[PDB]
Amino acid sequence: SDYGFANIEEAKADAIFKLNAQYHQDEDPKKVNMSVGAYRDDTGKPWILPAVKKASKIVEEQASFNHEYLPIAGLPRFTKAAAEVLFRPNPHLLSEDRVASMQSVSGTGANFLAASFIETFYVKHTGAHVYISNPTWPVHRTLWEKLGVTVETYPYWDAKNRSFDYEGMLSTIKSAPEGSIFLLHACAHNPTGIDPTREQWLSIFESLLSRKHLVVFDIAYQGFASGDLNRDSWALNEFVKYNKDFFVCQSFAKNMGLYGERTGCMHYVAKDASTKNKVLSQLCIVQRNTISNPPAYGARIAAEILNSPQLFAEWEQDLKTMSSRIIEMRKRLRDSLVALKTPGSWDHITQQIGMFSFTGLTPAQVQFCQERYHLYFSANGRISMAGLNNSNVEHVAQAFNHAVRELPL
């Protein structure tokens, strides 16, 4: 202001933040927030996983417990265990010392690490662009653009068929310049919820390799999506068979409910230990000059679970609890729309997976739901299934039924 800062333009309101403001001002007792991006139980409350609560109690009583700095790359028994749970069918990647793992400030910080590294050591001399799904998590675009990488998209949501636009994605893969960067969702695509089949994945991998593209997997919902850890990491482990180095950005925010503790890991899967160590040393330079070292509390908890056979088994029970409740809400919503004979097909509701769903509603229909049924969710029709429970799912189905019947497109 003695320095020109009053000339700055104040930034536009965050998308999620402005919806939340409107939800909170609504005075109707039947209102529902269907934009919450975190798991909720059947009463609509945050839910601490019993295994996580148990692990944090165990950790706090340990004689060695303290608040001292971690190594720059993070807590070693966390980074090692985080890689192991991704690659249970491929333990040789760890034992051959081929995975460079950096504990990160959750999934977003892992993406920031990978993108910073890839921009400096790949984009600089190749001019490659990064390709993200259309639609995707909106930070995927701005995070990469802020680091100076040009962002392109590949088609993903086929709105007419309410399904995955396999042919559009494949066509973009084949026509993109060789050696482009492709940001892939490992499972439970955000925001649509619809994943490629295994058959579609194999064809996707074939074309990615034929064009020599560089692959970055984002895996934010392993185990949380299906309750089965190896099923949810299937695409990652299938890609290992092709013997191309690649990157993985991993979050424990949802599958351990650690959200605000910021527990994640970035991995580079090298072809040999020598390159693993070259890359790791450069990743440490980025880490040193952004955060210095990562937060310990969530990592200690995750390492405790992952390295204990009994806590691991109890965590898998908690994953089953969460994934089953979402599946049950998807079934309830779809079953009510079928019973109400709502125009259109509604099987995409149960063919999708994870806590986000592209419903297929239009902006007019979403606005109708907001004004007449006090449902708050995104204009593109994305809902969070976590907001749905036994007390409101019939109200939600009735709203959708009315909106679609009243406002056909």
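Quick note: we count residues from 1 along the sequence shown, nothing fancier.
- Averaged over CA atoms, B-factors in the entry run higher in 167-175 than in the other of 74-82 and 167-175.
- A summary of the deposited B-factors shows that, of 394-402 and 5-13, the stretch with the larger mean C-alpha value is 5-13.
- The PDB entry assigns its highest CA temperature factor, among 192, 210, 142, 134, to 210.
- Of the residues listed, 365, 380, 352, 342, the entry assigns the biggest Cα temperature factor to 342.
- In the PDB entry, residue 318 places in the highest third of its chain by CA B-factor.
- The PDB entry assigns residue 44 a C-alpha temperature factor belonging to the lowest third of its chain's modelled residues.
- Remark: residue 227 belongs to the highest third of its chain, ranked by C-alpha B-factor as recorded.
- Per the deposited record, the Cα B-factor of residue 125 falls in the highest third when ranked against the other modelled residues of its chain.
- Looking at the C-alpha B-factors along this chain, the one for residue 63 belongs to the highest third.
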